[PDB]
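Peer 1: Chains as they are written, first to last, in the working numbering: chain D, 1 to 7; chain R, 8 to 88; chain F, 89 to 200. Just so you know, even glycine gets a beta-carbon here, dropped at the ideal spot from N, CA and C.
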């Protein structure tokens, strides 16, 4: 779960 | 009916790599309507219904950095990429 | 404790995860206003805008965000931005490029 997650 | 003629020139060590000149040569005449668009996958800069400039494949193209100036008196588009 | 910036960001992310994308954008905007060189505001805003179907605006936010990510320290966030960009570009196929009407070319532009 990374690219589609905000930062 | 407009009569467009295109010139292209490459540059080294500058903020841009390419300059495109689009010139209307038709004497009589009509004002030029321009709604350019850039297609990312094609790497083609469409100018209007008539005209499209595919861009050289060896150039990094950032649509944010495509600068287009229009000088009406000269009926000339200057495009810097 | 979280800084003001970090609390605004966390609030934005909470709204995002809730599916309140417009409000999230409203927080991320404050991130961009406070730290215009911080890529995270741009990346987050772009993701929210994408969730809203505002692909052209998302593209603009990625374009702006990537200005700040050219050094090694930002590689990770760079990847994020590049993902969003490629998503949004992919969605629209093309964008309008504005024509600037001028009496003469501004300085630094070769007429030769």
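1. How close, in whole Å, do the beta carbons of residue 119(F) and residue 111(F) come, if the pair is a contact with beta carbons under 8 Å?
2. How long is the line joining the alpha carbons of residue 168(F) and residue 128(F), rounded to whole angstroms?
3. So for residue 88(R), helix, strand or coil by DSSP?
4. Threshold first: 3 residues or longer. Then list the beta strand (DSSP E) segments lying entirely within the segment 156 to 188 of chain F, N to C.
5. Could you work out which residues of chain D lie near residue 131(F), taking near to mean beta carbons separated by less than 9 Å?
6. Taking the alpha-carbon positions, what's the residue 162(F) to residue 94(F) distance?
7. List in chain order: all unbroken beta strand (DSSP E) runs of 3+ residues lying wholly within the segment 51 to 78 of chain R.
8. Select from the segment 146 to 163 of chain F all residues with a C-beta closer than 9 Å to any C-beta belonging to chain R, and list them in chain order.
9. Tell me, to the nearest whole angstrom, how far the beta carbon of residue 57(R) is from that of residue 87(R); I am working on the premise that it is less than 8 Å.
10. Can you give the Cα-Cα distance for residue 43(R) and residue 7(D), rounded to whole angstroms?
11. Look at the alpha carbon of residue 4(D) and the alpha carbon of residue 52(R), and state the distance between them as a whole number of angstroms.
12. For residue 157(F), which residues from the same chain have a beta carbon less than 7 Å from its beta carbon, with the 5 sequence-adjacent residues on both sides left out?
13. Whose C-alpha, out of 26(R), 62(R), 15(R), 46(R), is nearest the C-alpha of residue 196(F)?
14. Less than 7 Å between the C-beta atoms of residue 45(R) and residue 70(R), yes or no?
15. For residue 46(R), go through chain F and note every residue whose CB falls closer than 8 Å to its CB, in chain order.
16. Measuring only the C-alpha atoms, how far is residue 107(F) from residue 179(F)?
17. For residue 43(R), return the contacting residues in chain F, with the cut-off set at a CB-CB distance below 9 Å.
Peer 2: The structure says:
1. About 13 Å separates the two Cβ atoms, so there is no contact after all.
2. Taking the straight line joining both Cα atoms gives about 9 Å.
3. coil
4. 182 to 184
5. Here the neighbours are 6, 7.
6. 18 Å
7. 51 to 53, 59 to 61, 74 to 78
8. Answer in chain order: 147, 148, 151, 152, 154, 155.
9. Not a contact, Cβ separation roughly 22 Å.
10. 35 Å
11. So the two alpha carbons sit approximately 30 Å from each other.
12. Correct list, in chain order: 127, 165, 166, 169.
13. 26(R)
14. For residue 45(R) and residue 70(R), yes; Cβs fall inside 7 Å.
15. 181, 182
16. A straight-line Cα-Cα distance of about 20 Å links residue 107(F) and residue 179(F).
17. 184, 185, 186, 187
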